[PDB]
Structure formats: C-alpha cells, structure tokens
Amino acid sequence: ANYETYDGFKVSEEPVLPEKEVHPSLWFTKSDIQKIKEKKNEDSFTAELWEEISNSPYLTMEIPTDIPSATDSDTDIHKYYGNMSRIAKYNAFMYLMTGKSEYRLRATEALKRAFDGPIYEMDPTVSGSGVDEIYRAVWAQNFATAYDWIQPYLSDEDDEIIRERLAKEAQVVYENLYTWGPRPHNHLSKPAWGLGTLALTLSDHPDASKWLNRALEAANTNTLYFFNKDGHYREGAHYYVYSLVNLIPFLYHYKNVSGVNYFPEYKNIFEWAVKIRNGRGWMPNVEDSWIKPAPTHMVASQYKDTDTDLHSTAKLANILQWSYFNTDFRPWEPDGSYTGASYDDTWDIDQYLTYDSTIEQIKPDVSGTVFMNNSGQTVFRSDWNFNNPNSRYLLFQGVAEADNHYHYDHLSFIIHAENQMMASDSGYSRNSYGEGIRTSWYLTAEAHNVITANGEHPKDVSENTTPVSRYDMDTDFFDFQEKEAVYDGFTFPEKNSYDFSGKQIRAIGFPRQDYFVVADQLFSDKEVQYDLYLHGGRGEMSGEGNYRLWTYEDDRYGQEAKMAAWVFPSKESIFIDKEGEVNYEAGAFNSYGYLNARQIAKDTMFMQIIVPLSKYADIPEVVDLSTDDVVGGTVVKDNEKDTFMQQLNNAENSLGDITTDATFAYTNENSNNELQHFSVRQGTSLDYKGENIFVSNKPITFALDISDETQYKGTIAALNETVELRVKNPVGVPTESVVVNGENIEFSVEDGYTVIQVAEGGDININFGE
C-alpha cells in the first residue's frame, strides 16, 4: 500500500510547549474549577452527566491489591489497567469538585500504581494483547489527566514517583509507536494522541519535545492516508469514533496547554458526520462499521466562529450541536456506550467538560443533497427532519479503497426512509474482525448493492484515486450523479491481471425527492456474466419476476414499512432469490432475502426502480418498456406518471412518451397527464408525446421544472464548452429574462423558444411575461 498518495491532510509537527508546567491546564485552569463544579445546574444534560460521574462505582470500588501476572487472561490484564486508570481520573475529578480527602488519597494510590504489573514484560505485537497500544492510549490520557488534576496536592515525594511512572510509559510508547503501529491506521493514531497528552502533561520533562514531535508526525501519517481533506474516514464510522476517543482530548490538550489550535484544520472530520447522517442521526454501516452516532457536541464549542455550507446564516457550532441531540440513542440503551472503549474511557467526564449548554441547536436550512466528490460519497436527502417517515436518504458510496477494514462496496448505496433502514450494506461482521464469515461474506462484493463482472468487484482505476463523479445536479424535484469504476483496476489484496477489461457507470436519480432510480451502463471488451445484487436490509422478501418487496417490522432500527423494487431489463435477465446476513451492530446478525439479477452480455444496462413505502401504501404500477438499445419504463405513483430511459450511445430513440438522443432521461407528469419536470444526461433534443421540449447544438445535462408558466426553473450540470440551448416557451408567452447563477444572460426568442448561449452550469430561471 502507498500511504503517501491519498488526498488527506496533516498539521504542523513542530512541538510547542509552554515555558513551565501549569496543573491543572489540560482541560481547564485553577480559576475555572468553581464554574465547572456549578456546570451541573445549567440544564438537564449537565445534571444527568453529573448524576453519572458523582455515582461512578470507580469512587467506591476497592483499589485491587491483586496485581495480575503476565500469564493471566488478556481480558483481566486489560480490565486491571482500565480500572486503575479510571480510579485515578474519577477520584482526581471528584477531589477538585468536592474536596473530599478520600478522593485525593484514592487518586494518589492509583497514580503511584500506574503501569505496575506485567505490562512492560508483555508484547503488544501479539494479536489481542491485553496491553495493545489502542487500550494504553486511553490509559495514558486517563492517568495524565488525573495527574494534571491532583499534582498541586501531591507531596514532593509522590510527585517524583508519579512523574517517573508517566515518563516511563511516554518513553516506551515513543520508542515502540512505529513497531506497534507499522501501518498508519487507528493503532498508530490512537497511541500517538496518548503520547501527545503525556508530553503536554510532562511539558518540563527533557524528552517532552521529542515525544510531542513523534506524536504529531505519527498522527499525520494516519490523517494523510485514512482521512480525506473533506473529512471522510476510510476505516468507517466505527473506527472514526474509536479514533475520536483519543483525538478529541488531544485537540483540547494542545490548545489549552500550548495555545496550538488544530480545531480549524480538523473541522471537516466533524462536518463529514453531519453530511452522511441518516434521518435518525446514524452514520452508515459501511466498511468494517456498525451504525454510529457522531459525538459532534464535544467539539461544537470550538466552531462558534466557523462558517458552514450546511446553513445560510448559522455557524457550524449550532449545526454540530443540532446533529448530536437529533440522534436516536435507543440502540445504545441501557449502558449508553457507543465509543468502542467502554472498559477504558471516561466519556461522562469528557462530555461534562466539553458540552456547551449556551449553543442553540439549529437544523441545517440548505438542500439535503450533498456531493463529497473528493472522497466520493454522495447523499441524496429530501430534508434534515429528525425521525420523520416522509424523509428520504440514499448514500452513494464511491470511495478509493484503503488497505485496512475495507469492504468491496464501490458504487453501492443504502436507503433510509419511512423511519426504517431499507436497501442495506451487510455491515461489519456478526461480532468481530477475526470471524471467518467476515472474509467469506460481509466484506465481499456480493454482500453489497453492486454489479460484478465474472464475480470481479467494481474498483479504483488506480490506488488512492477517487472514482470519477459527473453530472451532479440538485433541484427541488430531481437530483442526479453518475460514478465510474473499472473491473480490471486496483484493489486489496492486490490483483494485477484480468481475463477482460470493463467498467460500470452508475447513475442515481431522486425523482420527486420521493424514490430512487439506479441506472447502470456496463462496457466490456468481452462477453461476461453481470450479477446485480439488491439487499433490502432486515425485511421479509416477497415477489416474483423482476419485482421484489421487503416488508419491515417495528425493530431496534426503525418502524414498520416496506421497500418495493423493479429491475429492467425483464426479458434479458434472470432473477435469483438468495439469503444473506445483514447486521447493523455487534451480535444482532440475521439472514434475509436478497435479489440476484443476471445477464450474460458485453455492453449492456440495468435499471432499478426503488420505492420506500409506508406499511399500508399502495404498490406503484411499474411497466418495463426496455427494447434492444433502450432500457427503462414507467412508474405511476400518487396519480403521476414518471418515465425513465437509458441507452449506451447518443442516438435518437423512444421509450413510452419520451423521444431523445440523451443517454439518460427522466420525465414527471401531473394528475392531468401534462409534462411538469424533466432531466437529460448529454441530450441535444427531447420530445414528450411527439412535442419538442428543448434542442441544443451540443450535448447538455440539465433538469427543468416547467410547472410554473411564469418561470421555468432548474439546474445545468458543469459545462466543458459553450452550448446554444433552446427551450420551448408556454405557447404565446414572451421571455422577460434568463438568470444562470444570479446573473442575467443574453437571450433571444425564435419560433416560440428561448435561445441562450450557456458557457457555465448552475441554477437557471427562465422568467416569462403574459
């Protein structure tokens, strides 16, 4: 794997240390303490956090007199260091909050025993080590924070003892970081952030500069390769949150101790979580991941002066605050832990210290749909409403593969709608990384909503290069994007030679922002077998021929609902019912029906119509009108007829009421059988019932609402060159102006068409008179 050629980010590696240690300083100074003691009374959230912290069993439990041996279970050794680190931090905190003598004595005894026992006899390169770098990252931050909080009350003797213990763990992490983490995944970044905290705690130690520098260098190798600049984390949502356990404390520590503020440079990793949230605030079960909440409330306070494309006026802080509190937390009841570190972490304390009760929750007010083309995730989203069954969400996954925690999911999608998880990613595993079923099923192409060619998954053209996106369009009535992947490209494990050369171009559309069309073009230099898989998540599958229905019940993930799907072309494909595991969280795996549609072909097409429905909704009437060169059909839903057409080439062809040379076309009628909305990919003409709607002198991609005879409105996808576009006016109606991107463009009217030269895409209004 090339760790240097992904478009990630990095920060300065210059170690910045204050002139003299101050304790406390990691989270707050001496002067802050009484405000932090009083913080419990601000709102119901601070009150709940205070009730949890002040009743922690770590305040009352016997400090264990039994030190484990190197030959005890990895579980017991892990829990020993976890428990001792938690005794230190909880007791140190409650001493600052209350002044109770017992809390200082307990914090002091735990710190004097920090990293006693067999830890330095053990080998963290042994898989499942009880002292793995991922756990001691949390232990280091827990013990360092306890020391920061108790240091002013220690005897000179106890200070020297406890410093020597913290300094030894810092030296051992510094010396072994790159041996323990020879690949720059979360096993490198987490203990790097731990080392950072230790260096900032012991800023007067002679080696603190060396420690902090290596910490920053090591963390940068992770943020350069596993993160995109746009904030996407390539190990998935679960290992993102796992990383945040050490990253979020380190960011505050470095700002608070040295004045180095990295919150601006890390901003995108938090905005990313809000961009990909489903209607209940869950990050997707993509790569080795479960559904996750994103703890954006713990950094909201740092973004009060940061602009976001998620709101016309509000700052990022208010959107980060909105996102966390508009999450369904029931999948983490009754315990409440979503960090992945529930033996080690002090999440209640860290929340109590980071949460800002003065930040108003403001729902994003922009278009739901977002294109993150640098990483390659797109979300089609009707609205930002929380737990509303009228919402529709589709994630379109097209991320360059990383060499850790990877699933074969190129050009796959998941749907969240009617308050239920529908079209599915199969998830991480049954329980864990090491299960055989993860390799034989969960990571495999067939476990995803993809098309394989002779069983080969769609993949990257080259290592660390995002699959190309095109024809991005966002309107009130129709959204669109296509993504391109190859069959004979780059993957993990590495495969250099193929018996053929081929590619998939997948277009997704969002008709009426109400349902989905998935339109595939497939090109190969040879006859191959194309297998299309459609997984309906945790639903009962019914249906025959090209039609499948998945029926959901009230479960841990959503409400009773159903998802109806049709596949074209009916007459050129066979439909195979299969069964596969779908899992959203550790331990909750079950088997459900999925569809395998199959063609043997060289160049061909598929189309899916996928409709979220409430429990008792009518099934739409869907008719396949596919022929030799043309794939598509009609959908009659809620008394309106939509038409979808795809072809491989720019040739004049017809399907239902559409005639076009476009490689994709969408039309929507009203109740009254009048054309209301249309879109084309690379058309020079469209007729509807034999009436010309538009012509152009060169291929153009756009979407237009013609429902308002005083103003046609839509968007034109990005343009390579100048196109002369001619749109038919309502009969007998003049044009008054044409606006593209807030600017008048020159127009003429010829034979009842508005004629414009367009040199750039964007939003278009054609304003008519009477």
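Each residue number is its position in the shown sequence, starting from 1.
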Once average C-alpha B-factors are taken from the entry for 20-28 and 6-14, the winner is 20-28
Per the entry, higher mean C-alpha B factor between 538-546 and 409-417:
538-546
Comparing recorded Cα B-factors across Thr452, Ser432, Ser391, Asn91, which one is largest?
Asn91
For the C-alpha B-factor as written in the entry, point me to the maximum among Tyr95, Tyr239, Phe270, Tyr487.
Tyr95
Considering every modelled residue of the chain and its Cα B-factor in the PDB entry, is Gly398 in the lowest, middle or highest third?
lowest
Chain-wide C-alpha B factor ranking for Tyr471, given as lowest, middle or highest third:
lowest
Split into thirds by Cα B-factor across the chain's modelled residues, where does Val727 land: lowest, middle or highest?
middle
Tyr338: CA temperature factor from the record, placed by chain third, in the lowest
Could you tell me which third, lowest, middle or highest, the C-alpha B-factor of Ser497 occupies within its chain?
highest
